[PDB]
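A.B. asks: This one is an experimental structure. Sequence first:
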Amino acid sequence: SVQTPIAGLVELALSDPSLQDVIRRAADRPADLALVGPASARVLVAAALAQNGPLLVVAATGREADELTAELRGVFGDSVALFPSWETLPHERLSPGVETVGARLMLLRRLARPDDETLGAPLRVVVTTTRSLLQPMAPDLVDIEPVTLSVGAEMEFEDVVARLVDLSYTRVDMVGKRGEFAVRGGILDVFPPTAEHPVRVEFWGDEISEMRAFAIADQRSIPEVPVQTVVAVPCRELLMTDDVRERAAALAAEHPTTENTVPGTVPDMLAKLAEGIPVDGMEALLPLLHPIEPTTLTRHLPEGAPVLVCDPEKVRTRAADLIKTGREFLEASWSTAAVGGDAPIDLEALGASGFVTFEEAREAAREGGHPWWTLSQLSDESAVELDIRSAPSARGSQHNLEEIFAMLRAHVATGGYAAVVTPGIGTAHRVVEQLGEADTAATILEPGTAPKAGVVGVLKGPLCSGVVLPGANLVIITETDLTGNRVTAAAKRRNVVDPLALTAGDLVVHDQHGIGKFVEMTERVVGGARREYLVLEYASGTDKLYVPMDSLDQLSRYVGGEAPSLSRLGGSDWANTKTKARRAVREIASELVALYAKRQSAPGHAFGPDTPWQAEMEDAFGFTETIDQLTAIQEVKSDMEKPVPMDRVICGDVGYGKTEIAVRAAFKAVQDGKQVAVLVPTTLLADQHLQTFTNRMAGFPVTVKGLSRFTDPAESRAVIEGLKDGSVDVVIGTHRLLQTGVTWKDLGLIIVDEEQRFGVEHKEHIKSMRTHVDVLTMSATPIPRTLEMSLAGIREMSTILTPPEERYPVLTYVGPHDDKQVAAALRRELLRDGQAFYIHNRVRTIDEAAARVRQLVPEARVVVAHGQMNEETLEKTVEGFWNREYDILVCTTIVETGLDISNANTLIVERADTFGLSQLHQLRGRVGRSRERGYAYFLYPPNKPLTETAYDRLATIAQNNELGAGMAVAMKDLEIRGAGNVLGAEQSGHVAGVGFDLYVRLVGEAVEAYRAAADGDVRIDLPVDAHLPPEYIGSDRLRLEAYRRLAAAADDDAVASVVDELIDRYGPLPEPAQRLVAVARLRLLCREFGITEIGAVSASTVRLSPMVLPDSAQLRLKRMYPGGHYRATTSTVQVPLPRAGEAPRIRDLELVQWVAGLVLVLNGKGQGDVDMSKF
Ligand SMILES: Nc1ncnc2c1ncn2[C@@H]1O[C@H](COP(=O)(O)OP(=O)(O)O)[C@@H](O)[C@H]1O
């Protein structure tokens, strides 16, 4: 169907007798076959060889392997698969991505099991790289029995979790990444490395009861994704057996280092391997841990399958680079000095897993029964040269374009077949229009068909470069050849809404008491009820406060002051500290709402709907728009169209595509005749956004111009500044656009980027421009959503959480500063013509530091950059680094965090101990954003003993984790300065002592009281065994979230949604949980009638604390509930509990309901208004 688009076109291409000649030659399986043809013919040749049976194709680099893999999936779909290459060198102390290992093992198991439907269709073409071809592997990797999960299979829970542990699956309390799994009572969550969505399986007894795929963000199940049998393949290329623990204990005996275990060294690694847990960099130790004879990839191919090698010369030339780089990483990582100096393991054994040479792989493939064939673009004498010519590539000069369309017209006039293959979405109709203007009959082909004779067929399919086959009377021309651009290729949100982490000793702020230190969580019984309480230390200095589970909304994690405040006490010292800040925030809210109102009543020309060109400009997008991006463009366009001048923020990570929203909004404002500006803090951003605005808006009468610091004063004084005549439709500029001399003619839209970095004078300038014209800001720092909805009326902010393309996480390595590892990593990043960040914050020595870098890599262009330089030199240096003039940038953290160099994907942090967690995460984030995998090296000095807090900190970032250990604790800090960039106040004085969460909560109070300018807890002490049992929710961090979120639910349907959350996430509700739910609904019923407290004064009586009763309801209390009296002075209603039998007092749901009906009949309504027997 639409799954094999170019199957008909290729099936037509095979009609050429040269490809059929190749099919005949390969049909008898000859020993030597040398083919010669153009590069773009690869997809053809393979597709011919696959007609006689399966085969393995080898490409030079991973990019060519991905390209040919897609081009073959366009004709074969699921039958052709890609055997990926490791992101790490074989002996490097870093493990590759779990997704890569998953794809490798799934592909090998598919090669060993073609009949297995659950793994996929039988293989016909396997495309791989030189690395994966040369990199050996253990022959027992395919024999590892995966964890097969099906609805109805009879299994045993603990055996399943144990088997998952053996397959290098990391156990966590919440599934967030691939290769993870969480264990809950009767429910197993697991994220296989090859599955698109993580799957949750419900066990009952000794067999699975249900299966359903869920989403990572809300952790809620997706019912519209049907889940068949899932095959959980291992996540590492090894098995954690008892033998590998034995040898890890023999090797672990030497280099023991029992005390003061360094994080990244080999005593810790081998110690944890003897303990059985998987650790990073484990694969390199395969020849010593699991010693066998390692075979190559070609053995796992089904017997008889041949091997076609594309451009073998380049395959060899790169192969030498794999062997050299891998050898350098082996010597570097496992030198005598780096293994702790003691009993250095011999490297000869470790050489077993290293890359085999080209000749060894050749003879190993031939001696295994698999022929070795070649396809080379260069002409050879004894080779079978195919009748295939490459496509004419019109460089972009439209005379060549018209000539190409003319040769197409002549070819179809003769009767030959012409096909124009366009992989882009929205570009086929454009080619149809171009052919119509060139007077050529065009037709958008049905996906999977062949071009009809006499008409050119515009087809949507994956192709890079076209191919001309005169033997088949066929001419295939790709969109790439016509436009000179390569089109590479859905997305799931990553909200991850489930953490409010707490560790022992952490500081929290209680609204009614103050700052205190967390201790633990306990449970006490008062009348047969297991109750849960969270404890805090409040300096009296030994006073402990047990906050219950009904008032968790008053607990805010203390953030703000880096220096800790002193814990509060039972006195009245804290209420004042609340009140003064409460008086210090409304001053901010005043400016906020006054800006919103001045914006509301201001006169500004609205923007009409999108003109006809906007569709073509939006469809000229190289990539694919994202759902969050589409909603953001709709909101931005609508706010432009609304008469109120626009003041909208765009929140998203660096590398998520908000700049496209900028260019599209700017274009929309241009189409209505209004010129626009873009304000950036640094000149580098003016150049980047300048080039993006050029490329996206080219081909239209729109002159884009920029005014940076380095724009010469001739063009600056004349062209840019003198453009008050409508000469510029859009100007990208730095702060020079904010001086007095500037002037606009019909300024229509302002685009701000990284508004936080601007100067204060420039900030007040931009805010002054806000009221008069439409503004549109972009931010990489996120904001707390509580502030998003707290200040929603004055300033709308749209969030983008759908990644445009899967940006796989960078590979972090914590370790001692070894020069060989640094040099090896820098040279590996230089191999792909990449760049690297080297961080040495001590400015005094930065020069010397860079010199030492040049000691390690002499062929590296190394430069320095720091904040002490004047901007005229610094921005020029950073410009040189962005223009690839330099290879390694030694800089301080201030300079590094604030650059967007996409080509830089390797980071070296010297003296990583000195940096905080947040700074380390920021540093790491600035690499590995593009299509390339990033690397990060957090290094601590080896000449001094590491500190305790550096050991802990480095340990948190060591095991790369998104958990509540600190990634979330230090994410809040990333939101603090974001708030400072959003709201006007920068002072942290009132934050320190109140808590930033309570600070912006008071901000919420003030701005909600000011927004409505025109307008001008219940305690239940009942003997009801209600709690969330630990067996139901094992993880305390999640159970506290269930408590809090259940308490915060404000209506019955919200409580029901919480119930559905607990049911889906953790399983069916137990009795104490349902009783707690009924207690919450009882709290709502109290709030409707304003009851503050319902407490049992004694074992036989109950008191409703605040009620006034008129004479009618007082008499009704006497008649319907005898024995009870109403005390008007204290204004309480005290009634006695009826005994259950003739004896025990009533409890649990009988008591809850009885109290409900009592409240009802006392407050007018009948006893049959509602029942608490639900849920
Ligand atoms: N939908 C997409 N898929 C893949 N890459 C994209 C997509 N949109 C934009 N990009 C790439 O990512 C970058 C877009 O982000 P950028 O323009 O740097 O602003 P920001 O990083 O703030 O989103 C560009 O370099 C672009 O090539």
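C.D. replies: Arrived safely, thanks for sending. Residues are numbered from 1 along each chain as shown.
A.B. asks: Give me every residue in the stretch 651-800 of the chain lying close to the ligand.
C.D. replies: Contacts of the stretch 651-800 of the chain with the ligand, taken as CB under 6 Å from any ligand atom, map to 652, 654, 655, 656, 657, 658, 659, 660, 692, 780. For every residue, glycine as well, the C-beta is placed using N, CA and C.
A.B. asks: which among the residues you listed end up buried?
C.D. replies: 652, 655, 656, 657, 658, 659, 660, 692, 780 (16 or more other CB atoms under 10 Å).
A.B. asks: Next, count neighbours for residue 126.
C.D. replies: Residue 126 has 27 neighbours, counted by other CB atoms under 10 Å.
A.B. asks: ok, and it, which helix or strand is that part of?
C.D. replies: Element membership for residue 126, per DSSP states H and E: strand 125-129.
A.B. asks: now the residues of the stretch 651-800 of the chain next to the ligand as TSV including distance to residue 176 and secondary structure?
C.D. replies: Shown next, in TSV, are these (distance: CB to CB, whole Å; DSSP: H, G, I helix; E, B strand; the rest coil):
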residue	distance to residue 176	secondary structure
652	20	coil
654	21	coil
655	20	coil
656	19	coil
657	23	coil
658	24	helix
659	28	helix
660	28	helix
692	32	helix
780	22	coil
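A.B. asks: quick one: which of the residues you listed is nearest to residue 345?
C.D. replies: Residue 345 lies nearest to residue 655 out of those, by CB to CB, at 40.1 Å.
A.B. asks: My reading is that residue 375 lies in a strand. Confirm?
C.D. replies: Yes: assigned with DSSP: H, G, I helix; E, B strand; the rest coil, residue 375 falls within a strand.
A.B. asks: and the gap between it and the ligand?
C.D. replies: 31 Å (CB to the nearest ligand atom, to the nearest Å).
A.B. asks: ok, now residue 344?
C.D. replies: 45 Å.
A.B. asks: And the strands in the stretch 701-850 of the chain?
C.D. replies: Along the stretch 701-850 of the chain, the stretches classed as strands by DSSP state E, counting those that start in this stretch are 704-707, 730-733, 747-753, 774-779, 796-799, 811-816, 835-839.
A.B. asks: Does the second one pack against any helices or strands, and if so which?
C.D. replies: Which is strand 730-733. If you count contacts as 3 or more CB pairs under 8 Å, 6 or more residues apart in numbering; DSSP states H and E, strand 730-733 packs onto strand 675-679, helix 683-696, strand 704-707.
A.B. asks: tell me the most buried of these?
C.D. replies: strand 675-679 (a mean of 25; mean count of other CB atoms under 10 Å).
A.B. asks: and it, what does it pack onto?
C.D. replies: helix 658-671, helix 683-696, strand 730-733, strand 747-753.
A.B. asks: Next SSE downstream of whichever strand in the chain runs longest?
C.D. replies: What stands out as the longest strand in the chain, according to DSSP state E, is strand 514-525. Following strand 514-525 in sequence order, the next helix or strand is strand 530-537 (DSSP H and E).
A.B. asks: How far away from the center of its chain is that following strand?
C.D. replies: 35 Å (CA atoms, centre = their mean, to the nearest Å).
A.B. asks: angle of it against strand 514-525?
C.D. replies: Put simply, strand 530-537 runs at 150 degrees to strand 514-525, going by axes from the mean of the first three to the mean of the last three CA atoms, to 10 degrees.
A.B. asks: Just checking: what are the partner strands of the helix or strand just after strand 530-537?
C.D. replies: Toward the C-terminus, strand 530-537 is succeeded by strand 544-548 as the next helix or strand (DSSP H and E). Strand 544-548 sits in its sheet next to strand 530-537 (antiparallel), going by DSSP bridges.
A.B. asks: now the residue in the stretch 451-600 of the chain that the ligand sits nearest to, nearest residue through space, not along the chain?
C.D. replies: Taking CB to the nearest ligand atom, the ligand has its nearest neighbour within the stretch 451-600 of the chain at residue 488, 7.9 Å off. Excluding the flanking residues, the one nearest residue 488 by CB to CB, 6 or more residues apart in numbering is residue 931, at 7.4 Å.
A.B. asks: same thing with residue 643?
C.D. replies: Nearest to residue 643 is residue 606, by CB to CB, 6+ apart, at 4.8 Å.
A.B. asks: Hmm, residue 641 and that neighbour touching each other?
C.D. replies: Yes: taking CB atoms under 8 Å as the definition, residue 606 is a contact partner of residue 641 at 5.7 Å.
A.B. asks: ok, back up a step: closest to residue 301 among the buried ones among the residues of the stretch 651-800 of the chain next to the ligand?
C.D. replies: Among these, residue 655 lies closest to residue 301 (CB to CB), at 37.8 Å.
A.B. asks: Just give the closest residue to the closest one, not the sequence neighbours.
C.D. replies: Distance criterion CB to CB, 6+ apart; nearest residue to residue 655, sequence neighbours excluded, is residue 929 at 3.7 Å.
A.B. asks: What is the neighbour count of that neighbour?
C.D. replies: 19.
A.B. asks: start the count at 144, not 1, going forward
C.D. replies: Right, with 144 as the first residue, what we last looked at is residue 1072.
A.B. asks: ok so, going back, adjacent strands (with direction) for the longest strand of the chain?
C.D. replies: strand 650-653 (antiparallel), strand 673-680 (antiparallel).
A.B. asks: For this protein, list the residues in contact with the ligand, please.
C.D. replies: Counting by CB under 6 Å from any ligand atom, the chain sits next to the ligand at 766-767, 769, 795, 797-803, 835, 923, 947-948, 1043.
A.B. asks: Can you report how many residues lie near the residue of the stretch 444-593 of the chain found nearest the ligand?
C.D. replies: Using CB to the nearest ligand atom, the closest approach of the stretch 444-593 of the chain to the ligand is made by residue 568 at 11.2 Å. By the criterion of other CB under 10 Å, residue 568 has 13 neighbours.
A.B. asks: Report the separation between it and residue 932.
C.D. replies: To residue 932, residue 568 is 35 Å away according to CB to CB, to the nearest Å.
A.B. asks: Could you do residue 879 as well?
C.D. replies: 37 Å.
A.B. asks: Of those two, which one has the most company?
C.D. replies: Neighbour count, other CB under 10 Å: between residue 879 and residue 932, residue 879 has more, with 17 against 11.
A.B. asks: So that one is in contact with residue 849, correct?
C.D. replies: No: using CB under 8 Å, residue 879 is not in contact with residue 849; the gap is 10.2 Å.
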